[PDB]
A.B. asks: 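Just dropping this structure here.
Chain identifiers are assigned alphabetically (A, B, ...) following the order of the sequence lines, protein sequences preceding nucleic acid strands; residue numbering begins at 1 within each chain. Whatever order the structure lists ligands and atoms in, that order sets their numbers, starting from 1. No hydrogens, no waters, no symmetry mates; every other heavy atom, side chains included, goes into these values.
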Amino acid sequence: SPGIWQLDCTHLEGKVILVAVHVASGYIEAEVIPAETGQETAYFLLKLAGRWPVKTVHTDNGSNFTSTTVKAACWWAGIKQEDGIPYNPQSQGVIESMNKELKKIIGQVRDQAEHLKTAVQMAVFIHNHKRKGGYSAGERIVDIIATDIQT
Amino acid sequence: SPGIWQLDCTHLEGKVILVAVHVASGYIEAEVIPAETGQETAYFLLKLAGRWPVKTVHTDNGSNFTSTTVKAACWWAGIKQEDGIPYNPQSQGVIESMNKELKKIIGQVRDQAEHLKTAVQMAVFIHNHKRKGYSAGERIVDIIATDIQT
Ligand SMILES: O=C(O)c1cccc2ccoc12
Ligand SMILES: O=C(O)c1cccc2ccoc12
(Lines give C-alpha, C1' and ligand atoms only; values in the text may rest on other atoms or scores of the structure.)
(Ligands and ions follow the chains in the order given, each with its own letter.)
Protein backbone atom coordinates (compact mmCIF):
# COMPACT_ATOMS: atom_id res chain seq x y z
CA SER A 1 0.00 0.00 0.00
CA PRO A 2 1.63 3.12 -1.29
CA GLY A 3 1.17 5.50 1.71
CA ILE A 4 2.09 3.13 4.65
CA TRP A 5 5.35 3.60 6.60
CA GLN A 6 6.71 1.94 9.76
CA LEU A 7 8.88 3.73 12.34
CA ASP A 8 11.75 1.75 13.73
CA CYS A 9 14.25 2.88 16.39
CA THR A 10 17.58 1.06 16.83
CA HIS A 11 20.74 1.75 18.90
CA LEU A 12 24.38 1.84 18.04
CA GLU A 13 27.42 3.52 19.66
CA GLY A 14 25.23 4.84 22.56
CA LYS A 15 23.12 6.82 20.01
CA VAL A 16 19.72 6.20 18.43
CA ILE A 17 19.06 5.69 14.76
CA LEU A 18 15.41 6.49 13.84
CA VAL A 19 14.35 4.67 10.65
CA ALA A 20 11.15 5.04 8.58
CA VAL A 21 10.52 2.06 6.26
CA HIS A 22 8.14 2.25 3.38
CA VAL A 23 6.66 -1.13 4.07
CA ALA A 24 5.70 -2.11 0.48
CA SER A 25 9.13 -1.35 -1.07
CA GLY A 26 11.64 -1.69 1.78
CA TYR A 27 12.84 1.94 0.99
CA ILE A 28 14.10 3.79 4.08
CA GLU A 29 15.02 7.21 5.43
CA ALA A 30 17.02 7.34 8.70
CA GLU A 31 18.61 9.84 11.02
CA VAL A 32 20.86 9.72 14.08
CA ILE A 33 19.43 11.53 17.17
CA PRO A 34 20.86 11.71 20.67
CA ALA A 35 17.71 10.01 21.91
CA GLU A 36 14.20 9.13 20.88
CA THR A 37 11.96 11.89 22.23
CA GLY A 38 8.51 12.95 20.88
CA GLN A 39 10.08 16.20 19.62
CA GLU A 40 12.66 14.30 17.50
CA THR A 41 10.17 11.77 16.22
CA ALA A 42 7.70 14.57 15.30
CA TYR A 43 10.38 16.49 13.39
CA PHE A 44 11.51 13.35 11.60
CA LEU A 45 7.94 12.54 10.50
CA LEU A 46 7.44 16.09 9.34
CA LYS A 47 10.54 15.83 7.17
CA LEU A 48 9.46 12.43 5.81
CA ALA A 49 5.91 13.56 4.93
CA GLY A 50 7.17 16.62 3.02
CA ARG A 51 9.31 14.28 0.93
CA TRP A 52 6.99 11.27 0.24
CA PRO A 53 3.19 10.96 0.35
CA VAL A 54 2.93 9.52 3.90
CA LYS A 55 -0.65 8.48 4.70
CA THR A 56 -0.28 6.03 7.56
CA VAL A 57 2.54 5.62 10.07
CA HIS A 58 2.92 2.56 12.29
CA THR A 59 4.58 4.13 15.28
CA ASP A 60 7.46 2.23 16.86
CA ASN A 61 6.34 2.27 20.55
CA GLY A 62 3.58 3.48 22.82
CA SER A 63 5.42 6.53 24.02
CA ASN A 64 5.59 7.90 20.49
CA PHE A 65 1.96 6.75 19.86
CA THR A 66 0.96 8.73 22.92
CA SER A 67 3.23 11.75 22.54
CA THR A 68 1.34 14.98 22.00
CA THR A 69 4.19 16.43 19.92
CA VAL A 70 4.11 13.36 17.62
CA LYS A 71 0.28 13.59 17.43
CA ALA A 72 0.59 17.30 16.50
CA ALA A 73 2.99 16.60 13.68
CA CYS A 74 0.80 13.77 12.39
CA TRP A 75 -2.17 16.14 12.43
CA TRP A 76 -0.16 18.91 10.67
CA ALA A 77 1.23 16.60 7.95
CA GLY A 78 -2.09 14.65 7.39
CA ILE A 79 -0.66 11.37 8.61
CA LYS A 80 -2.85 8.74 10.29
CA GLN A 81 -0.93 7.38 13.32
CA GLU A 82 -1.48 3.71 14.05
CA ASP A 83 0.04 1.45 16.65
CA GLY A 84 2.87 -0.73 15.21
CA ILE A 85 1.66 -3.98 16.77
CA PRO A 86 2.74 -6.95 14.59
CA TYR A 87 -0.69 -8.55 14.36
CA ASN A 88 1.28 -10.16 11.58
CA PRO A 89 4.45 -11.51 13.24
CA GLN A 90 6.70 -12.06 10.16
CA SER A 91 6.51 -8.18 10.37
CA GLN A 92 8.71 -8.07 13.53
CA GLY A 93 11.41 -10.30 12.05
CA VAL A 94 11.52 -8.18 8.82
CA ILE A 95 12.38 -5.09 10.90
CA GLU A 96 14.92 -6.92 13.14
CA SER A 97 16.69 -8.27 10.02
CA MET A 98 16.83 -4.78 8.44
CA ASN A 99 18.29 -3.39 11.68
CA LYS A 100 20.92 -6.16 11.53
CA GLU A 101 21.51 -5.43 7.79
CA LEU A 102 21.84 -1.70 8.43
CA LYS A 103 24.26 -2.14 11.22
CA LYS A 104 26.32 -4.45 9.06
CA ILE A 105 26.58 -1.79 6.37
CA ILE A 106 27.33 0.82 8.95
CA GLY A 107 30.23 -1.40 10.04
CA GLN A 108 31.44 -1.82 6.45
CA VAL A 109 31.61 1.99 5.89
CA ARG A 110 32.26 3.03 9.47
CA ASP A 111 35.91 3.76 8.85
CA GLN A 112 35.14 6.02 5.81
CA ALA A 113 33.00 8.29 8.02
CA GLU A 114 34.29 10.41 10.90
CA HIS A 115 30.78 10.71 12.49
CA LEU A 116 28.18 8.04 12.89
CA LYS A 117 25.62 10.24 11.04
CA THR A 118 27.66 10.02 7.78
CA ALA A 119 27.91 6.23 8.08
CA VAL A 120 24.15 5.96 8.65
CA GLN A 121 23.50 7.99 5.48
CA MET A 122 25.99 5.88 3.51
CA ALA A 123 24.00 2.91 4.83
CA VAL A 124 20.71 4.48 3.71
CA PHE A 125 22.24 4.95 0.26
CA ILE A 126 23.54 1.39 -0.08
CA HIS A 127 20.18 -0.03 1.28
CA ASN A 128 18.07 2.00 -1.07
CA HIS A 129 20.22 1.25 -4.16
CA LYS A 130 20.79 -2.49 -3.58
CA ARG A 131 19.21 -4.55 -6.43
CA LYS A 132 17.22 -7.40 -4.89
CA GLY A 133 14.66 -6.83 -12.31
CA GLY A 134 15.96 -7.27 -9.82
CA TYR A 135 14.70 -3.83 -8.73
CA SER A 136 16.01 -1.73 -5.83
CA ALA A 137 13.91 -0.37 -2.98
CA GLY A 138 14.22 3.13 -4.53
CA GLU A 139 12.92 1.78 -7.78
CA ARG A 140 10.10 -0.08 -6.05
CA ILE A 141 8.85 2.91 -4.08
CA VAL A 142 8.76 5.13 -7.15
CA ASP A 143 6.90 2.47 -9.17
CA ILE A 144 4.39 1.88 -6.36
CA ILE A 145 3.59 5.51 -5.96
CA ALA A 146 3.58 6.30 -9.68
CA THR A 147 1.10 3.40 -10.25
CA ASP A 148 -0.97 4.79 -7.50
CA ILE A 149 -0.96 8.33 -9.04
CA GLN A 150 -2.64 6.71 -12.17
CA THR A 151 -6.00 6.16 -10.33
CA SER B 1 16.64 14.77 -17.25
CA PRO B 2 15.28 12.64 -14.33
CA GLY B 3 18.66 12.75 -12.43
CA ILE B 4 19.45 16.51 -12.54
CA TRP B 5 19.34 18.62 -9.34
CA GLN B 6 20.37 22.18 -8.58
CA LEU B 7 21.74 23.36 -5.23
CA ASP B 8 20.51 26.68 -3.94
CA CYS B 9 21.58 28.46 -0.76
CA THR B 10 19.34 31.23 0.72
CA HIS B 11 19.53 33.19 4.03
CA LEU B 12 16.98 33.96 6.70
CA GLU B 13 17.16 34.90 10.43
CA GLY B 14 20.95 34.97 10.19
CA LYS B 15 20.92 31.28 9.26
CA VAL B 16 21.34 29.47 6.04
CA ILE B 17 18.78 27.31 4.17
CA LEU B 18 20.34 24.80 1.78
CA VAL B 19 17.94 23.68 -0.94
CA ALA B 20 18.23 20.96 -3.60
CA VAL B 21 15.71 21.41 -6.45
CA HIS B 22 14.88 18.64 -8.81
CA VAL B 23 14.97 20.78 -11.90
CA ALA B 24 12.41 18.91 -14.10
CA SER B 25 9.69 18.72 -11.39
CA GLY B 26 10.34 21.66 -8.97
CA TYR B 27 10.43 19.13 -6.07
CA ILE B 28 12.78 20.19 -3.27
CA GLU B 29 14.55 18.93 -0.14
CA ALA B 30 15.99 21.67 2.24
CA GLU B 31 17.73 21.93 5.56
CA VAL B 32 18.78 24.74 7.85
CA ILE B 33 22.51 24.86 8.65
CA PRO B 34 24.52 27.39 10.67
CA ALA B 35 26.65 28.22 7.61
CA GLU B 36 27.31 26.88 4.15
CA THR B 37 30.54 24.89 4.46
CA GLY B 38 31.88 22.02 2.23
CA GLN B 39 31.21 19.60 5.09
CA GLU B 40 27.53 20.58 5.41
CA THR B 41 27.01 20.63 1.66
CA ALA B 42 28.72 17.24 1.32
CA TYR B 43 26.50 15.66 4.03
CA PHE B 44 23.37 17.18 2.48
CA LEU B 45 24.24 15.70 -0.96
CA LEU B 46 24.96 12.35 0.61
CA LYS B 47 21.49 12.34 2.24
CA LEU B 48 19.79 13.50 -0.98
CA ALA B 49 21.47 10.86 -3.18
CA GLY B 50 20.47 8.01 -0.77
CA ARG B 51 16.87 9.20 -1.13
CA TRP B 52 16.56 10.02 -4.85
CA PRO B 53 18.56 8.81 -7.91
CA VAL B 54 20.85 11.86 -8.12
CA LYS B 55 22.98 11.80 -11.24
CA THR B 56 24.07 15.35 -11.78
CA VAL B 57 24.18 18.29 -9.40
CA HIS B 58 24.56 21.86 -10.44
CA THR B 59 26.47 23.25 -7.52
CA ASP B 60 25.39 26.63 -6.13
CA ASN B 61 28.76 28.45 -6.04
CA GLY B 62 32.40 28.05 -6.85
CA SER B 63 33.50 27.29 -3.27
CA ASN B 64 31.25 24.22 -3.12
CA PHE B 65 32.27 23.34 -6.73
CA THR B 66 35.92 23.44 -5.59
CA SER B 67 35.47 21.95 -2.08
CA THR B 68 37.38 18.69 -1.56
CA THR B 69 34.78 17.45 0.87
CA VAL B 70 31.94 18.11 -1.63
CA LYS B 71 33.95 16.42 -4.40
CA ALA B 72 34.49 13.45 -2.10
CA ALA B 73 30.79 13.05 -1.41
CA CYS B 74 29.97 13.39 -5.06
CA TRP B 75 32.51 10.65 -5.81
CA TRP B 76 31.14 8.39 -3.05
CA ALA B 77 27.51 8.84 -4.09
CA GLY B 78 28.13 8.65 -7.90
CA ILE B 79 27.11 12.22 -8.56
CA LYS B 80 28.56 14.30 -11.44
CA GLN B 81 29.22 17.74 -10.07
CA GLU B 82 28.67 20.54 -12.58
CA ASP B 83 28.89 24.29 -12.19
CA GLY B 84 25.45 26.02 -11.85
CA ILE B 85 26.02 28.87 -14.35
CA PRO B 86 22.64 30.02 -15.79
CA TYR B 87 23.28 28.83 -19.38
CA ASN B 88 19.69 29.39 -20.13
CA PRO B 89 19.26 32.59 -17.98
CA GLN B 90 15.56 31.88 -17.17
CA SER B 91 17.05 29.15 -14.89
CA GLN B 92 18.26 31.89 -12.50
CA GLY B 93 15.00 33.89 -12.07
CA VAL B 94 13.29 30.47 -11.41
CA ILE B 95 15.50 29.93 -8.30
CA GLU B 96 15.11 33.52 -7.04
CA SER B 97 11.30 33.20 -7.33
CA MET B 98 11.42 29.84 -5.51
CA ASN B 99 13.51 31.38 -2.75
CA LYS B 100 10.96 34.19 -2.44
CA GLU B 101 8.08 31.68 -2.43
CA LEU B 102 9.77 29.58 0.26
CA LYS B 103 10.38 32.52 2.44
CA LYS B 104 6.74 33.53 2.04
CA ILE B 105 5.61 30.09 3.21
CA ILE B 106 8.08 30.19 5.99
CA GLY B 107 6.50 33.48 7.17
CA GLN B 108 3.02 32.03 6.94
CA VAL B 109 3.94 29.05 9.22
CA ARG B 110 6.60 30.80 11.25
CA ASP B 111 4.42 31.24 14.29
CA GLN B 112 3.42 27.52 14.40
CA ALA B 113 7.11 26.50 14.65
CA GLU B 114 9.46 27.35 17.58
CA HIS B 115 12.60 26.78 15.47
CA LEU B 116 13.29 27.91 12.01
CA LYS B 117 14.11 24.29 11.06
CA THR B 118 10.46 23.21 11.68
CA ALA B 119 9.11 26.11 9.57
CA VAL B 120 11.53 25.23 6.74
CA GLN B 121 10.32 21.62 6.78
CA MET B 122 6.66 22.79 6.83
CA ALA B 123 7.58 24.95 3.82
CA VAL B 124 9.15 21.96 2.00
CA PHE B 125 5.93 20.06 2.68
CA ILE B 126 3.63 22.83 1.39
CA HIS B 127 5.94 23.43 -1.67
CA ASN B 128 6.04 19.76 -2.60
CA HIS B 129 2.31 19.14 -2.17
CA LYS B 130 0.99 22.32 -3.92
CA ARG B 131 -1.01 21.48 -7.08
CA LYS B 132 -0.24 23.66 -10.11
CA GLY B 133 -2.88 19.61 -12.48
CA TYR B 134 -0.04 17.77 -10.58
CA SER B 135 2.19 18.61 -7.52
CA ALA B 136 6.02 18.65 -7.62
CA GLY B 137 5.95 15.42 -5.61
CA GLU B 138 3.76 13.78 -8.18
CA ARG B 139 5.88 15.11 -11.04
CA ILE B 140 9.17 13.80 -9.67
CA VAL B 141 7.73 10.28 -9.13
CA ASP B 142 6.23 10.21 -12.66
CA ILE B 143 9.47 11.44 -14.21
CA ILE B 144 11.64 8.91 -12.50
CA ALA B 145 9.05 6.06 -12.95
CA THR B 146 8.97 6.78 -16.69
CA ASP B 147 12.73 6.76 -16.66
CA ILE B 148 12.92 3.35 -14.86
CA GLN B 149 10.73 1.90 -17.69
CA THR B 150 13.45 1.79 -20.53
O1 LIG C 1 16.85 4.14 -8.60
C2 LIG C 1 15.81 4.90 -8.54
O3 LIG C 1 15.07 5.20 -9.53
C4 LIG C 1 15.46 5.54 -7.22
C5 LIG C 1 14.21 6.15 -7.06
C6 LIG C 1 13.82 6.79 -5.89
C7 LIG C 1 14.69 6.83 -4.83
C8 LIG C 1 15.95 6.24 -4.97
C9 LIG C 1 17.04 6.16 -3.92
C10 LIG C 1 18.09 5.41 -4.72
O11 LIG C 1 17.63 5.09 -6.07
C12 LIG C 1 16.34 5.61 -6.14
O1 LIG D 1 1.79 12.99 -3.91
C2 LIG D 1 2.73 12.19 -4.28
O3 LIG D 1 2.54 11.12 -4.95
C4 LIG D 1 4.17 12.47 -3.86
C5 LIG D 1 5.21 11.72 -4.42
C6 LIG D 1 6.54 11.91 -4.07
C7 LIG D 1 6.88 12.87 -3.14
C8 LIG D 1 5.87 13.61 -2.56
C9 LIG D 1 6.04 14.70 -1.53
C10 LIG D 1 4.56 14.94 -1.24
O11 LIG D 1 3.68 14.26 -2.19
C12 LIG D 1 4.54 13.41 -2.90
A.B. asks: Looking only at protein heavy atoms, which one is nearest to atom 5 (C) of ligand 2, and what is the separation?
C.D. replies: B/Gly137 O, 3.1 Å
A.B. asks: Quickly, which of A/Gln6, A/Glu82, A/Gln81 forms a side-chain hydrogen bond (donor to acceptor under 3.5 Å, both in side chains) with A/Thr59? Name it, please.
C.D. replies: A/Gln81
A.B. asks: Taking only heavy atoms of B/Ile144, which atoms of ligand 1 are found under 4.0 Å from at least one of them?
C.D. replies: 3 (O)
A.B. asks: Can you check which of B/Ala136, A/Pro53, A/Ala77 brings a heavy atom nearest to atom 4 (C) of ligand 2?
C.D. replies: A/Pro53
A.B. asks: So, A/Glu31 and B/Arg51, do they make that salt bridge, N to O below 4.0 Å?
C.D. replies: yes
A.B. asks: Over 60° means perpendicular and under 30° means parallel, so tell me whether B/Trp5 and B/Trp52 are parallel, tilted or perpendicular.
C.D. replies: tilted
A.B. asks: Would you mind listing which atoms of ligand 1 come within a distance below 4.0 Å of any non-hydrogen atom of A/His129?
C.D. replies: 10 (C), 11 (O)
A.B. asks: In Å and rounded to the nearest 0.5 Å, what is the OG1 to CG distance from A/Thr41 to A/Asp60?
C.D. replies: 6.0 Å
A.B. asks: At what distance is the nearest protein heavy atom to atom 1 (O) of ligand 1, and which residue and atom is it?
C.D. replies: A/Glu139 CG, 3.7 Å
A.B. asks: Could you measure the distance from the CD atom of B/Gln149 to the CD atom of A/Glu139? Nearest 0.5 Å is fine.
C.D. replies: 8.5 Å
A.B. asks: Numbering the atoms of ligand 2 from 1, which are under 4.0 Å from a heavy atom of B/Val141?
C.D. replies: 5 (C), 6 (C)
A.B. asks: State, with a plain yes or no, whether a side-chain heavy atom of A/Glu29 is found less than 4.5 Å away from one of A/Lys47.
C.D. replies: no
A.B. asks: Identify the protein heavy atom lying closest to atom 7 (C) of ligand 1, giving its residue, its atom name and the separation to 0.1 Å.
C.D. replies: B/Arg51 O, 3.1 Å
A.B. asks: Using a 4.0 Å heavy-atom cut-off, say whether B/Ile148 meets ligand 1 through its side chain, its backbone, both or neither.
C.D. replies: side chain
A.B. asks: State if A/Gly50 counts as touching ligand 2 under the rule of any non-hydrogen atom under 4.0 Å.
C.D. replies: yes
A.B. asks: Could you tell me whether A/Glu13 and A/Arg110 have a side-chain N and a carboxylate O separated by less than 4.0 Å?
C.D. replies: yes
